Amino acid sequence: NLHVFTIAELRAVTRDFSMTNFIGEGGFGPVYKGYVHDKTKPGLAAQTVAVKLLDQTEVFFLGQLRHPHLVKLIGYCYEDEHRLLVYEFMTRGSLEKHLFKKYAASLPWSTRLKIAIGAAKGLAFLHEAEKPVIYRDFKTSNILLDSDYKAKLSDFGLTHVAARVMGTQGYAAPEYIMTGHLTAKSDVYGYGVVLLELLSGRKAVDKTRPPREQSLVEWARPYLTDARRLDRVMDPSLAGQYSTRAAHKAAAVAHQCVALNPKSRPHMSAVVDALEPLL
């Protein structure tokens, strides 16, 4: 379930938190990769791990949130002032590092659909949990990928107008930005943006695009209902791998998730139901 580590154990796991194992500064603190051997913890198989240094009832609750499309929380360390979390390591890292490549040759249409479906299943599970788990803003980088490009959600369960909107890159739900109201439907909005990114291969907000195209959502929304002009939106790298019907339906799923009205947005289980026939 959840293992307890000491700092000394996590030093052995991470080579004393060597900068060679530094993975990046995350939303909640620095992240290091590590390796647990078969003998490190009884009942835990040898595997690569991510160790997060955070800059608890909640952590025990996070250890009960088990699902094939959530990153596994393996354990934790609370020692001195320090709070560390130990996660399964996602071999291919976050979706944003693959999706916005110029060519993204390892992400053909069916792999993108598989990623959209797994992310939707993870979010549906979180939304249907004993306590609703909702993100502050569901973004591309909350989707991590294993070696088979299986999607697993990360950082799950972990104001005034200016502070809500400052530094957002297009994933925060409209109603959260303007009123601060956060519900499961706010995640669905961000999921819809990521789905548009998967269909187009373009970042939600790109300042280097022409001003009419800088916001993916505003630019794409009028074409999502136009089946003959949907190819303006679709990733040119995907040409030939989808039918017009398949692209139109996935675009309609995205269209519904990015509705400005939260009441129009689907439940994530309905998104799963809509996308699986495409695969």
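In case it trips you up, residue 1 is the first one in the sequence shown, and so on.
How many missing residues of the deposited sequence lie between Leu158 and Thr159 in the entry, grouped as none, 1 to 3, 4 to 9, or 10 or more?
Going from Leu158 to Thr159, the model skips 4 to 9 residues of the deposited sequence.
From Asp55 on to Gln56, does the model leave out none, 1 to 3, 4 to 9, or 10 or more residues of the deposited sequence?
Unresolved stretch here: 10 or more residues.
Of the two stretches 250-258 and 219-227, which shows the higher Cα B-factor on average in the entry?
Of 219-227 and 250-258, the stretch with the higher C-alpha B-factor average is 219-227.
Which wins on mean Cα temperature factor, 208-216 or 28-36?
For C-alpha atoms only, the mean B-factor is higher in 208-216.
According to the Cα B-factor stored in this entry, which of the following is highest: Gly180, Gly122, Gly190, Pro108?
So the option with the highest C-alpha B-factor is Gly180.
Please work out which residue in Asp146, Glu88, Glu197, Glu130 has the highest C-alpha B-factor recorded for this crystal structure.
Across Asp146, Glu88, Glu197, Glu130, the entry lists the biggest C-alpha B-factor for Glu130.
Name the third of the chain's ranked CA B-factors that contains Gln241, choosing lowest, middle or highest.
Tercile = middle for this residue's CA B-factor.
Among the modelled residues of this chain, does the Cα B factor of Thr168 put it in the lowest, middle or highest third?
It falls in the top third of the chain.
Report the third (lowest, middle or highest) to which the CA temperature factor of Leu73 belongs, ranking only the modelled residues of the same chain.
As the PDB entry reports it, the C-alpha B-factor of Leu73 lands in the lowest third of its chain.
Against its chain's modelled residues, does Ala162's Cα B factor rank lowest, middle or highest third?
Tercile = highest for this residue's CA B-factor.
How does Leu62 rank on Cα B-factor within its chain, lowest, middle or highest third?
Ranked within chain, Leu62 CA B lands in the highest tercile.
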